[PDB]
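Protein sequences, first through last, are from chains H, C and L. Here the first sequence stands for residues 1 to 130, 137 to 209, where the numbers follow the deposited numbering. Here the second sequence stands for residues -2 to 88, 90 to 131, where the numbers follow the deposited numbering. Here the third sequence stands for residues 1 to 211, where the numbers follow the deposited numbering. Even for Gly, the Cβ is constructed at its ideal location relative to N, Cα and C. Single-structure report; data block below.
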Amino acid sequence: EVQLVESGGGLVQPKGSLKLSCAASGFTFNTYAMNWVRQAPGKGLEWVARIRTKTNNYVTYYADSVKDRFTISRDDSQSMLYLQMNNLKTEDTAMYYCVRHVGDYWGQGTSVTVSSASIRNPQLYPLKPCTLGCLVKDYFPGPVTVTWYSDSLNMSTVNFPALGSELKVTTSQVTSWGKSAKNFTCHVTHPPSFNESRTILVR
Amino acid sequence: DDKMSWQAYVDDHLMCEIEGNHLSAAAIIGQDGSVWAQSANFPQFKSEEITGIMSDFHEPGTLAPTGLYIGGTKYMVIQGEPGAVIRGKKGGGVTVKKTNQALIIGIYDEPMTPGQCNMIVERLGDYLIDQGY
Amino acid sequence: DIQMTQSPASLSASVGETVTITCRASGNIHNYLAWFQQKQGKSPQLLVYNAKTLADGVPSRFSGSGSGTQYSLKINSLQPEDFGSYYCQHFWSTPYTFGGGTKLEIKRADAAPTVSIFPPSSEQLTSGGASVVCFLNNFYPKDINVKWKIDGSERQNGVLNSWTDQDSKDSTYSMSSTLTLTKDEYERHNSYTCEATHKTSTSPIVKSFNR
Ligand SMILES: *[C@@H]1O[C@H](CO[C@@H]2O[C@@H](C)[C@@H](O)[C@@H](O)[C@@H]2O)[C@@H](O[C@@H]2O[C@H](CO)[C@@H](O)[C@H](O)[C@H]2NC(C)=O)[C@H](O)[C@H]1NC(C)=O
């Protein structure tokens, strides 16, 4: 019922700026204070920001590394929470979640890569036998969120880490045991508002 | 929904030791006269007392000429945060933090410094304000 | 700024053993501590909040304890699903700080792979490329030797293999071997097989097709 969705991630050039978003659904945004939490690609989690409720005058709390560079703001009318990231540096490259209070409910994530390269949107090729899967090739930068929307019960989704750094390929598998259904659909999302779909109908 | 027992809040977040001092008693009482949670020796409140505090939150400064009557014992009102925190000074003391739906009351006695009872009570209220309570 | 030190940094135990991740703080956080579990490629989940109160749908084997600056989380009779990274966060004062994290590798009984091979797609073939993918799933341990055989001979040039973390149900590992190639090379050869041996008494699990 409750769901937290983020968008706006991608690849940013240094001395650039960025504004992330968090869409709230399933709870009263006005009664809950919202946080932003960042996990470096390989390193652990870190707390970057927090904004309080209207009862507490919307006090904004920031961490030291982002204190003079970041900015958090919320519009409870449209039920959204934003984070403005300015003067982007290489260290800021991390995975960003929007977290409600203690962390009862989290978001999927959006990553920021502060590199001088140019984004290359991925290519989704379905893979079926002569279990199914989806092949996502030659994208930059990470990550790619691959989700399996299926019409079968007991659908299993295993995601494989990306191979290669300069250019990236990844795979995903769906394993269904003893289920009668036809629609197996994979939806891959690249950080800067990229959405693509493939479908594998069973005969 | 909260799997957190309100009695777990008062025992582990309110009556904990800070600088070698404790709170005498503490209780979570709603904006309705009913108490949501409490400690063992906390007084038996009355209906008019809660209404008097709640009216002080809606209009800051209307409980100072009369005083803060908690458990029948009158406390001088050292009102701090307008509509957020009300304090008291019998000799002992008391601090009340207004949440969105309830009040957090902690009674401090010597040698507990009043700032200790305030930091403890104010942190629990903000915890509940940011959680919808 | 109350900073938190977390340990053990890396823990390995068998199924059923008792393990404790301890979290310490720079100052008293007054039981405002949360414990998170993060499986790889997934968002973190709340096991225990406010030091001892378990969240909704959290197994009873997870234990929250402590006061002051010394906190801990206990996992008695660890199950396959309890793998992952465990982080602790305090909520007494900003900066709400995390710990290092604990990678808990839950050793389990030996599972057997299921190898699946998938011909190059019609979209990839059209796009002048071809990649035979081979999914080896549901195996433990992760020590597995993946090799690719075409027309009787072995090529390990364009083999791209990625290992994955354990599965919640049975703590089963997974690997994905992709062989990137041009359509010309794939159209030239005929027999495409995938071979990998792992605790199968050197009986290789082979999955082959014909172009
Ligand atoms: C295959 O299914 C997807 C999604 O189906 C959903 O999956 C179930 C879990 C359940 O929630 C169903 O009621 C849903 O329909 C279809 O993808 C969507 O299709 C609609 C219209 O067809 C479109 O408006 C959406 O944008 C699509 N969303 C995504 C993420 O693709 C898809 O059409 C189905 N394919 C076939 C061949 O039936």
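Pick helix, strand or coil for residue i, following the three-state DSSP scheme.
i	result
residue 264 (chain L)	With chain L running from 1 to 211 in the structure shown, residue 264 (chain L) is simply not present.
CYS115 (chain C)	helix
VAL7 (chain C)	helix
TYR105 (chain H)	coil
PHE29 (chain H)	helix
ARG188 (chain L)	helix
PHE54 (chain C)	helix
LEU160 (chain L)	strand
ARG50 (chain H)	strand
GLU81 (chain L)	helix
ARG120 (chain H)	strand
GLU154 (chain L)	strand
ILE127 (chain C)	helix
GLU78 (chain C)	coil
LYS103 (chain L)	strand
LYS183 (chain L)	helix
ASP92 (chain H)	helix
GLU202 (chain H)	strand
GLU195 (chain L)	strand
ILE144 (chain L)	coil
Please list, in chain order, the chain C residues whose beta carbon lies closer than 8 Å to that of residue i.
i	result
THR53 (chain L)	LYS0, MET1, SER2 and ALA5
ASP56 (chain L)	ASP(-2) and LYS0
With a cut-off of 7 Å, does the C-beta of residue i fall near any C-beta of chain L?
i	result
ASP9 (chain C)	yes
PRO129 (chain H)	yes
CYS115 (chain C)	no
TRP106 (chain H)	yes
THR93 (chain H)	no
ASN165 (chain H)	yes
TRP47 (chain H)	yes
By the criterion of Cβ-Cβ separation under 9 Å, what are the contact partners of residue i in chain L?
i	result
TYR145 (chain H)	Ordered by position in chain L, no residue passes the 9 Å Cβ test against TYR145 (chain H), which lies about 14 Å from the chain.
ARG121 (chain C)	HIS30, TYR32, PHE91, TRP92 and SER93
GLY109 (chain H)	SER43
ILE15 (chain C)	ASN28 and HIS30
Name the chain L residues whose beta carbon is nearer than 7 Å to that of residue i?
i	result
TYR97 (chain H)	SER43
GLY139 (chain H)	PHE118, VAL133 and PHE135
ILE103 (chain C)	Simply none; closest approach about 17 Å.
Looking at chain H, is there any beta carbon in it that lies within less than 7 Å of the beta carbon of residue i?
i	result
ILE127 (chain C)	yes
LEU160 (chain L)	yes
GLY64 (chain C)	no
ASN38 (chain C)	no
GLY130 (chain C)	yes
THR102 (chain L)	no
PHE62 (chain L)	no
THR172 (chain L)	no
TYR186 (chain L)	no
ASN18 (chain C)	no
Say whether chain C places a C-beta atom closer than 7 Å to the C-beta of residue i.
i	result
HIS193 (chain H)	no
In chain H, what lies closer than 9 Å to residue i by C-beta?
i	result
residue 212 (chain L)	What the structure shows of chain L is the stretch from 1 to 211, and residue 212 (chain L) is not part of that stretch, so it cannot be assessed.
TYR49 (chain L)	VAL102, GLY103 and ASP104
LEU73 (chain L)	Near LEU73 (chain L) there are no residues of chain H at all, since even the closest Cβ is about 15 Å away, more than 9 Å.
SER168 (chain L)	Result: empty, since nearest Cβ-Cβ is about 10 Å, beyond 9 Å.
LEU46 (chain L)	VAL102, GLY103, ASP104, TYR105 and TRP106
Residue i versus chain C: which residues are under 7 Å apart at the beta carbon?
i	result
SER65 (chain L)	Within chain C, no residue comes near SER65 (chain L); the closest Cβ sits about 11 Å away, beyond 7 Å.
Show which residues of chain H have a CB atom less than 8 Å away from the CB atom of residue i.
i	result
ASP53 (chain C)	Simply none; closest approach about 17 Å.
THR164 (chain L)	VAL164, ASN165, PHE166 and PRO167
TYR96 (chain L)	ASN35, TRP47 and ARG50
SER176 (chain L)	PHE166, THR177 and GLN179
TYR87 (chain L)	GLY44 and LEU45
Taking C-beta pairs closer than 8 Å, name the residues in chain L that residue i reaches, listed in chain order.
i	result
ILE118 (chain C)	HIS30
Going along chain H in order, which residues have a C-beta closer than 7 Å to the C-beta of residue i?
i	result
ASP124 (chain C)	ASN56
Query - Interface residues of the stretch 29 to 45 of chain H facing chain C [CB-CB below 7 Å] - result: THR31, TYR32 and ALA33
Query - Segment contact flag, the stretch 85 to 92 of chain H with the stretch 169 to 180 of chain H, C-beta cutoff 8 Å, min 3 pairs - result: no
Query raised in the report: Got a sec: which bits of the stretch 18 to 40 of chain L sit with their beta carbon under 9 Å from any beta carbon on chain C, in order along the chain?
Result: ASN28, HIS30, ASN31 and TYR32
Report task. For the stretch 95 to 112 of chain L and the stretch 41 to 50 of chain L, state whether three or more C-beta atom pairs, one from each stretch, are separated by less than 8 Å. Result -> no
Report task. Check each residue of the stretch 133 to 155 of chain L: if its Cβ is closer than 9 Å to any Cβ of chain H, include it; give the result in chain order. Result -> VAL133, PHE135, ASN137 and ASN138
Query raised in the report: When Cβ atoms are compared, which residues of the stretch 52 to 86 of chain H fall closer than 7 Å to chain C?
Result: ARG52, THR53, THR55 and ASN56
**Report entry** Touch test, the stretch 174 to 194 of chain L against the stretch 132 to 144 of chain L, Cβ-Cβ under 8 Å, three pairs minimum
**Finding:** yes
Query raised in the report: Going along the stretch 174 to 198 of chain H in order, which residues come within less than 8 Å of chain L, judged by CB to CB distance?
Result: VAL175, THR176, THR177, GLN179 and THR181
Query - Touch test, the stretch 118 to 127 of chain L against the stretch 71 to 79 of chain L, Cβ-Cβ under 8 Å, three pairs minimum - result: no
Query raised in the report: Touching or not, the stretch 103 to 113 of chain C and the stretch 14 to 23 of chain C, by the rule of three or more beta carbon pairs under 8 Å?
Result: yes
Query - Three or more C-beta pairs below 8 Å linking the stretch 83 to 93 of chain L and the stretch 24 to 38 of chain L - result: yes
Query raised in the report: Is it a yes or a no for the stretch 185 to 201 of chain H touching the stretch 113 to 128 of chain H, going by three-plus beta-carbon pairs under 8 Å?
Result: yes
Query raised in the report: Counting Cβ pairs, one atom from each stretch, are 3 or more of them under 8 Å apart for the stretch 190 to 201 of chain L and the stretch 158 to 165 of chain L?
Result: no
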